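The block underneath contains the structure these notes are about, expressed in structure tokens.
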Amino acid sequence: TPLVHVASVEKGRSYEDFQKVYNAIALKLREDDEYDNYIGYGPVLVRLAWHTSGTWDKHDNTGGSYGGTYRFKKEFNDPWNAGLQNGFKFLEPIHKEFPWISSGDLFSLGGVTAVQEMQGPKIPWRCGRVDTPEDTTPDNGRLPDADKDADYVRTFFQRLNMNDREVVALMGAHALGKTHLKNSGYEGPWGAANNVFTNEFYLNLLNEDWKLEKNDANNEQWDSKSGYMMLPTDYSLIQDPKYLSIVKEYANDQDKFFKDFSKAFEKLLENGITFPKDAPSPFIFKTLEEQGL
Ligand code: HEM
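Every position in the sequence shown, counted from 1, becomes a number in PDB author numbering once 1 is added.
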């Protein structure tokens, strides 16, 4: 059946220990600001948290964030993961300073820290992921393709136990960063800010004038005169009438999008993990700004 992965708290560690890790990540995000033409490492860390969680299969509980298996070559060389090496490199000195944190805890915490420092919603986070051996590394091909339609997106996300609202909310993370032709065969940002977490993805889908064009890798993407782009999968959220209603909702309610994204993102990062009844409550980390740091 399904594998069982029980959360086990890094020995003797508590909220204060993880806040220190959060702070080191946040401080380095501030420090290494030049990355990717001054976008900074925020977006790639969010993508790293999603990709290391998104291999999960609810049917048998393979993949998922628990095992921290991205550290192994099969997964880091996944063509779907091209570019994430930048996120992993960023995290190296963090892991060196705090060698006690598990890899899955670090990859997932990198995502939480990035969202929050980029002025996104608070994302409650739980510790206790435990490194698993190389033979537990899921095969390539569990991450989604971008050249597909709404039916594909809907079916894909059923494997991660996500419903329509959860899918649309999670996709709003595409406010962040950009596609890079050398990584994915798509080129351009989804919006203007790209290192500030807002509902701009939805506003842009609805409000820009989009043209279906071919990029330099001979792949179709939707382009706007403002210099933004949408993947076929992004654009499918306004082609499908059920997705469209939810896009409109998030475009018109920043708080609702924040609340829903926080729930879906924590869920994504926790899928596959069994938390003991007496496990600590989820942690809500203070930002550097809230700490006066
Ligand atoms: C249908 C599902 C999805 C597809 C097909 C997809 C596809 C892509 C592609 C092709 C890129 C560009 C990679 C590159 O060239 O560097 C990208 C970037 C990104 N994705 Fe997604 N994605 C999906 C869902 C998600 C989800 C659920 C999240 C998180 C909640 C996410 C977060 C990000 C972020 C933050 C970036 C920017 C990374 C950077 O700037 O380096 N994506 N995605």
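For every residue, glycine included, the Cβ atom is placed at its ideal position computed from N, Cα and C.
Any non-hydrogen atom of ligand 1 within 8 Å of residue i CB
i	result
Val-169	no
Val-113	no
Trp-223	no
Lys-243	no
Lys-264	no
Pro-44	yes
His-175	yes
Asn-184	yes
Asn-78	no
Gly-64	no
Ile-40	yes
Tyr-71	no
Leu-232	yes
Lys-21	no
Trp-51	yes
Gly-228	no
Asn-141	no
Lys-179	yes
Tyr-203	no
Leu-269	yes
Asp-165	no
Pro-145	yes
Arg-160	no
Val-197	no
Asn-200	no
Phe-157	yes
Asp-37	yes
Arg-48	yes
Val-248	no
Integer Cβ distance of residue i from residue j, believed to fall under 8 Å
i	j	result
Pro-139	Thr-56	4 Å
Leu-289	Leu-110	About 15 Å separates the two Cβ atoms, so there is no contact after all.
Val-45	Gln-120	17 Å between Cβ atoms; not a contact.
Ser-185	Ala-151	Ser-185 to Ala-151, Cβ: 20 Å. No contact.
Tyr-23	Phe-286	5 Å
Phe-73	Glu-35	30 Å between Cβ atoms; not a contact.
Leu-269	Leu-161	7 Å
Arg-127	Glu-271	6 Å
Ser-9	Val-116	Not really, about 25 Å apart at Cβ, beyond 8 Å.
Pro-94	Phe-284	About 22 Å; that fails the 8 Å criterion.
Residue of the options minimising C-alpha distance to residue i
i	options	result
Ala-50	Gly-65, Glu-11, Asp-58	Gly-65
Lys-149	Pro-233, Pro-134, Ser-103	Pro-233
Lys-183	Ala-218, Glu-209, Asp-165, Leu-206	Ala-218
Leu-206	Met-230, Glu-221, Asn-195, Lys-268	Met-230
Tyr-236	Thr-156, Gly-173, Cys-128	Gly-173
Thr-199	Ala-170, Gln-159, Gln-222	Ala-170
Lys-123	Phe-259, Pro-145, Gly-129	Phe-259
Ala-252	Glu-221, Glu-209, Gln-292, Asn-272	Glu-209
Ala-25	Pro-283, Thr-2, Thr-114	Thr-114
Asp-37	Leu-85, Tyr-67, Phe-108, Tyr-71	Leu-85
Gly-129	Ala-83, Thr-275, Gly-293	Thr-275
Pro-3	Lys-212, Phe-284, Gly-13, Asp-58	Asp-58
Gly-68	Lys-97, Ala-83, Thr-133, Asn-78	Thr-133
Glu-201	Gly-178, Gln-222, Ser-9	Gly-178
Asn-195	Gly-228, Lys-212, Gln-222, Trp-223	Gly-228
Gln-255	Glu-291, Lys-21, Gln-222, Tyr-203	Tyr-203
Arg-48	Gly-105, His-175, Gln-292	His-175
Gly-293	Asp-79, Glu-118, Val-7	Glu-118
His-181	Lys-264, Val-7, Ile-40	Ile-40
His-6	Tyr-71, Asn-78, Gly-105	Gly-105
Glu-267	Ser-225, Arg-155, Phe-108, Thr-156	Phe-108
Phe-262	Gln-159, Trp-223, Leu-213, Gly-112	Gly-112
Any non-hydrogen atom of ligand 2 within 8 Å of residue i CB
i	result
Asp-106	Ligands in the displayed structure: ligand 1; ligand 2 is not one of them.
> Taking three-plus beta-carbon pairs below 8 Å as touching, is the region 237-249 in contact with the region 84-97?
Replying inline: no
> Are the region 205-219 and the region 124-144 touching by the rule of at least three beta carbon pairs closer than 8 Å?
Replying inline: no
> Can we say the region 13-24 touches the region 263-279, given the rule of at least three CB pairs closer than 8 Å?
Replying inline: no
> Does the region 234-242 touch the region 91-107, meaning 3 or more C-beta pairs lie closer than 8 Å?
Replying inline: no
>> With three or more beta-carbon pairs closer than 8 Å as the criterion, would you say the region 61-76 touches the region 26-41?
In response: no
> Does the count of Cβ pairs from the region 177-194 and the region 158-169 closer than 8 Å reach three?
Replying inline: no
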